[PDB]
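One chain comes next, on its own, written out as structure tokens in the form deposited in one PDB entry.
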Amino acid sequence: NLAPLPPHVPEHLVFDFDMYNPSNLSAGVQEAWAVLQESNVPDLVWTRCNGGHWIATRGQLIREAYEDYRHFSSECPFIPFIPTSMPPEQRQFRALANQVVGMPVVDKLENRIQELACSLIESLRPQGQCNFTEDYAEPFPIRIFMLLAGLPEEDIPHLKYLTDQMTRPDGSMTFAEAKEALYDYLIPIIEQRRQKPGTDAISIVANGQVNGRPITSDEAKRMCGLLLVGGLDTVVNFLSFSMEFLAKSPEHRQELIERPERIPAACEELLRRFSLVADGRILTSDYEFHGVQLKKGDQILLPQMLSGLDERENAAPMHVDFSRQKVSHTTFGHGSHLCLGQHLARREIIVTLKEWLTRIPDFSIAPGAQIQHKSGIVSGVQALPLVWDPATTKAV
């Protein structure tokens, strides 16, 4: 499974990390990745796993490579949708996406998000147990997308099925099939709303402009597809990491119960500690980067997760401290592809925590349960069995 070391890569830089099955995974996925930040590991390493690729291990280099788009291209953004894989066009497509998921939209949507969170939590509250990942986290971001995009509730099971196939296929559909079925769904809606628009995200995208002309159907379906898939697994898994931590740390949980005003700052610290994305780039040319010779076409993993875990960026980085004066991270990325959904995601997180902690303040991991993580481009939580006494809860 280890690809022989290419002639340009010096042996002293080899560290055979497997981003899909890291050695230390039972200890927690962030901890498993943090092996890359041990003192005997260089700032930039080559792994022979997954075909062989570079890994930047420190926030300084991860940030720099994301800034240097001329050398570090998004044409191959994953080891091994618009605008993921691309500057003048990129800027225009992002401006358009900001029209639909920017702060003003999020601020308008906030109480609808709260109303949805409340309905979900209240459905679970009297049971005294749930698998948080399946029972709250999975249904939540897809419903928020339907709100954002003005799509009917009845379309959820099929749309959720298609997005599930793109990331966790059961085998019924190839990636290409699931993507094309998503496009089959979106195309007539985009066409309809181009001619008769509302104020929803699809209407706004369908009526956008690029290079002085109307957005095409192909461009619009790809933008809408990315806005859909981008906010699903990231939010599901991130909420799950946060809730796992809160279930296991009654002291931190109590801090947020007593001082709910600290929740937004707590969100940011959790985003740092339980960061979860690890994307990459491809070298456009031969390039010497921090004393290391990179070759045209080499792939480089630039884990967003690692920047905030770097003790050079944050002291005692594995400790959760809601009062940190400066929370440094790249959890939503850095540079020209910075997450478009970051404002919506923060609001979903904060609303979820606020509503959960006021309705179900006291909860624990089910006894005997060992929470399992998974690793990859979006790392996550396989399941989160929680238990609580319903008499300690507050009903609608």
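Note that the rigid core is defined as the largest set of C-alphas that superpose within 1.5 Å between two forms. Don't overthink the numbering: it's just position in the shown sequence, from 1.
Below, we refer to the form deposited in another entry, which is not included among the displayed structures.
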Next on the checklist: Quick check on the comparison between the shown form and the other one: with the core aligned, only one of 73, 167, 131, 299 should show a Cα shift of at least 2 Å. Which one is it?
Outcome noted: 167
Next on the checklist: residue 192: after superposing the rigid core, is there a C-alpha shift of 2 Å or more between the shown form and the other one?
Outcome noted: yes
Next on the checklist: For residue 261, does the CA position differ by 2 Å or more between the shown form and the other one when the superposition is done on the rigid core?
Outcome noted: no
Item to check | Did residue 156 shift 2 Å or more between the shown form and the other one, C-alpha, core superposed | outcome: yes
